[PDB]
């Protein structure tokens, strides 16, 4: 596990903080995989983060979570190998589709997309694993509208950057994450609510897109104060009222009032059809 010389590099797919992903072919006719390797400018800190991500990823084994197929971590150079998800991230994919009138996507397909994210998150919750950056940009799309959640690191405007602070996806963040940096399964539910809003919007608009970062942060202060001045994402045109109410439960002020992923999954697979 795994002979590096079996890998044939084809195209660079993307790039993050301590790694670079490439499309590769495996001889082992044409098997495609995604391969993450260190960036050319990698430091010893990047090598350490890459080894950790290997450890984190090795534990995740579910149909709707990206799966580690293999590793080069013994003799150099370091590599991580996953399924190649041929349709890219879900944000770009939904951006290229329009909702069916009466490349298109049906409303029941939007539900099926959301249900797969909810099942993936259901699995993470059983492991008490907190994702901290659930969004359509961190979901990958395979064949037959198969969704795998990644942890994935472009979408610069989706993160609030202050020097010397962690980079924060504030528009997906529960009011208590913004005010206190506390991330829990309950805050992943709130982000799931925002992710479901993105799916039903077909990624046509940034969440709170007409509000500044500072207004989004002061809106978290309004959830805290609980004086009826907090503001929510509006109902997407493709979204019925019943499904909108489910998004609103994800954005309950009280963390314990937010539905668990098992309930969100049931609703989107079953109740949402009626």
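Think of the rigid core as the biggest set of C-alphas that the two forms share within 1.5 Å after superposition. Residue numbers count along the first chain shown, from 1.
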Quiz item: With the rigid core as the fit anchor, does 126-134 or 72-80 show bigger C-alpha shifts in 9 other deposited structures of this protein?
Solution: 72-80
Quiz item: Do the Cα atoms of 14-22 or those of 254-262 sit farther, on average, from the shown form in 9 other deposited structures of this protein after fitting on the core?
Solution: 14-22
Practice problem: Using none, 1 to 3, 4 to 9 or 10 or more, say how many deposited residues go missing between residue 227 and residue 228. | Solution: none
Quiz item: Per the entry, how many residues of the deposited chain go unmodelled between residue 153 and residue 154: none, 1 to 3, 4 to 9, or 10 or more?
Solution: 4 to 9
Exercise. Name the higher of the two by mean Cα B-factor in the PDB entry, 174-182 versus 86-94.
Key: 174-182
Practice problem: Can you let me know which of the two, 110-118 or 77-85, has the higher average C-alpha B-factor in the entry? | Solution: 77-85
Exercise. In terms of CA temperature factor as recorded, identify the highest of 72, 168, 135, 203.
Key: 72
Quiz prompt | Top residue by Cα temperature factor, when 43, 64, 234, 241 are compared in the entry | solution = 43
Quiz item: Once the chain's modelled residues are ordered by C-alpha B factor and cut into thirds, is residue 161 in the lowest, middle or highest one?
Solution: middle
Quiz item: If you rank every modelled residue in this chain by C-alpha B factor, which third holds residue 144: lowest, middle or highest?
Solution: highest
Practice problem: Comparing against every modelled residue in the chain, figure out the third that the C-alpha B-factor of residue 218 lands in (lowest, middle or highest). | Solution: highest
Quiz prompt | Position of residue 10 among the chain's modelled residues by C-alpha B-factor, lowest, middle or highest third | solution = highest
Quiz prompt | CA B-factor ranking of residue 250, expressed as a third of its chain | solution = lowest
